[PDB]
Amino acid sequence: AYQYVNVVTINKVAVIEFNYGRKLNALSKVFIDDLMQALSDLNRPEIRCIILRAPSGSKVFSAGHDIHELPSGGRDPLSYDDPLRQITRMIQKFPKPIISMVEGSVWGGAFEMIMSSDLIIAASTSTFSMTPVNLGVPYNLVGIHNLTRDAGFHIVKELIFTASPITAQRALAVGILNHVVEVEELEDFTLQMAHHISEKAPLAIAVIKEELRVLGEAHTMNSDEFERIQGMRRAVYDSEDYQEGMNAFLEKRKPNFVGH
């Protein structure tokens, strides 16, 4: 068993339920490490499909990045082995389909985490936001790339530049979501689709998933461009605005951004 997730297996379908309500499923390292161990434990031939969910009735799916752990003092908080970076890679490389089954509000990092999964099925009352511009966080290239494969550029720029929540109905209309259903039908609807997928050829599913992963990633640039972007990101991590954004969040006041 796991301290911060609960796993149920129903024939070939596994359901990983978040059990980190004390921090509204914020992406703390101890929570992500249990999620990753639970997924790893389910990498077996007789499991064919995974569902990720918050507990039934939750008002919050996930509060996103744990801002108490998101480091300040000049260190990159979205480095390659930071937990959100590790779990998006693991979801994308996992040789079985991973369905995000969403009840409640989805924030920032948690939005990138469900976007990295294969299908999203949501309650009609679920809401979605992408929040780095609230804190002054320079989100990393891979993280931003994970948000560009479903809705168009103008829609993605609206979500990130405003940090405003969208409804499940709008998330469906712009192509983020697969299905929107009444919260009382959410579990039944998602399990029926997961059981259906689990009757199909798992080795064909795994290789087509991996072919889509590498095509998704196949936007290539030279070393100079990457080093230029990393220089820009470091200037943001070094800014007064980044300190102000983190402090304003921890102090629950409105930040005063000044552009240095």
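We number the residues from 1 along the sequence you see. Here the rigid core means the biggest group of C-alpha atoms that line up within 1.5 Å when the two forms are laid on top of each other.
Peer 1: Core-aligned, RMS over all structures and residues: is 128-136 or 71-79 the stretch with the greater C-alpha displacement in 5 other deposited structures of this protein?
Peer 2: The answer is 71-79, which departs more from the shown form in 5 other deposited structures of this protein.
Peer 1: Mean CA temperature factor from the deposited coordinates, higher in 74-82 or in 131-139?
Peer 2: Here the higher of the two C-alpha B-factor means belongs to 74-82.
Peer 1: Please work out which of 26-34 and 208-216 has the higher mean CA B-factor as recorded in the PDB entry.
Peer 2: Result: 26-34.
Peer 1: Quiz for you: based on the deposited Cα B-factor, which of 196, 68, 228, 48 is highest?
Peer 2: When the deposited C-alpha B-factors of 196, 68, 228, 48 are compared, 68 is largest.
Peer 1: By the CA temperature factor listed in this entry, which of these ranks top: 158, 103, 184, 118?
Peer 2: When the deposited C-alpha B-factors of 158, 103, 184, 118 are compared, 184 is largest.
Peer 1: Quick check on the deposited entry: does the C-alpha B-factor of residue 235 sit in the lowest, middle or highest third of its chain?
Peer 2: Answer is highest: the recorded C-alpha B-factor places it there.
Peer 1: Which third, lowest, middle or highest, does the C-alpha temperature factor of residue 108 belong to within its own chain?
Peer 2: Ranked within chain, residue 108 CA B lands in the highest tercile.
Peer 1: Against its chain's modelled residues, does residue 40's Cα B factor rank lowest, middle or highest third?
Peer 2: It falls in the top third of the chain.
Peer 1: Once the chain's modelled residues are ordered by C-alpha B factor and cut into thirds, is residue 56 in the lowest, middle or highest one?
Peer 2: Its C-alpha B-factor, which the entry lists for residue 56, ranks in the highest third among residues of this chain.
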